[PDB]
Amino acid sequence: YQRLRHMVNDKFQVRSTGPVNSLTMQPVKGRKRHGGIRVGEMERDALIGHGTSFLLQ
Amino acid sequence: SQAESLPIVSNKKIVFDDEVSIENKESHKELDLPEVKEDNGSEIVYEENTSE
């Protein structure tokens, strides 16, 4: 057998609250600076579908 | 004629911007950045390019 290099991100990264942005207020990327996770255009729909106007909010 | 030796802006501009371009970078080099943990625990970051 062979041991594969740490070719994994593994690095989770949580986000209670931390660094944001001057022009938007929304937290920016990071992982090592506790960057918030992106709610992209796709997931926007998902929620829309179910019918959960709040979870969206 | 007081228009035969009147400059044209296109060229006066190119001298005016020059200096100005400096007294803005240089002056921005003798400035600190005060962090304002905007009433939350967050952090008012001081950029202008979150390229996600």
# chains A, B, ... in the order shown; residues from 1 in each chain; ligands from 1
>>> interface_residues(of="chain A", to="chain B", cutoff="12 Å", atoms="only C-alpha atoms", output="CSV table (one decimal) with C-alpha atoms, in the first residue's frame")
chain,number,residue,atom,x,y,z
A,15,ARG,CA,-17.9,31.2,11.0
A,16,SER,CA,-19.7,32.5,14.1
A,17,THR,CA,-18.7,36.0,13.0
A,18,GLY,CA,-15.5,37.9,12.0
A,19,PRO,CA,-14.0,39.9,9.0
A,20,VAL,CA,-16.4,41.6,6.6
A,21,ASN,CA,-16.0,44.3,4.0
A,22,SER,CA,-16.1,48.1,3.8
A,23,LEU,CA,-18.4,48.4,0.9
A,24,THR,CA,-20.8,45.5,1.4
A,25,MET,CA,-20.8,44.4,5.1
A,26,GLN,CA,-21.0,40.8,4.0
A,27,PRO,CA,-18.0,38.8,5.3
A,28,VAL,CA,-15.4,38.0,2.6
A,29,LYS,CA,-13.6,34.7,1.7
A,30,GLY,CA,-10.8,33.3,3.9
A,33,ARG,CA,-9.2,34.3,8.3
A,34,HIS,CA,-12.6,32.8,9.1
A,35,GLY,CA,-14.2,33.6,5.8
A,36,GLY,CA,-17.9,33.1,5.6
A,37,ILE,CA,-19.3,30.4,3.3
A,38,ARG,CA,-20.8,31.5,0.0
A,39,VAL,CA,-24.5,31.2,-0.6
A,40,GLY,CA,-24.2,31.3,-4.4
>>> closest_residue(among="A:12, A:32, A:57, A:2", to="residue A:44", atoms="only C-alpha atoms")
A:57
>>> atom_distance(atom1="atom CA of residue B:22", atom2="atom CA of residue B:5")
29.2 Å
